[PDB]
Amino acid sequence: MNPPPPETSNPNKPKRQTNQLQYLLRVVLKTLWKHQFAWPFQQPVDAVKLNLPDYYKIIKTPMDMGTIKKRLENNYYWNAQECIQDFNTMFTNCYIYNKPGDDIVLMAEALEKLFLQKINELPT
């Protein structure tokens, strides 16, 4: 079964807009999104559709780029580091659930390298 997806808004959490967060949406996320290996990460893992019935028995902090994108669009984050942590959670979940060498892991590894390339330098 699938749990509810992660929240993309929270009225009691303070919002913020920063040059770095704008950049994470306009450049980092929106560029990764177009990568040929982006598709598995563009929405929450669907344990039913993908036939991964144990996914959420194993992964307790789900994250995906669809969620991140919505969060950025909503100014959900306080700062860039909070957003970067979501990306890292997404990649880490993939390495936890799957094994080295798996096609999905090769896709995550590629995206993570591109992600690190693009956040190496952020605006000030």
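Numbers follow the displayed sequence, beginning with 1.
Query - Of 91-99 and 48-56, the stretch whose C-alpha atoms average the higher B-factor in the entry - result: According to the PDB entry, the answer is 48-56.
Query - Between 60-68 and 22-30 (mean CA B-factor, as deposited), the higher - result: Result: 22-30.
Requested in this report: Tell me which of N74, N79, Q85, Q43 tops the list for C-alpha B factor in the record.
Outcome: Answer, based on the entry's C-alpha B-factors: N74.
Query - Position of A110 among the chain's modelled residues by C-alpha B-factor, lowest, middle or highest third - result: Within its chain, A110 is a highest-third residue by C-alpha B-factor, going by the deposited values.
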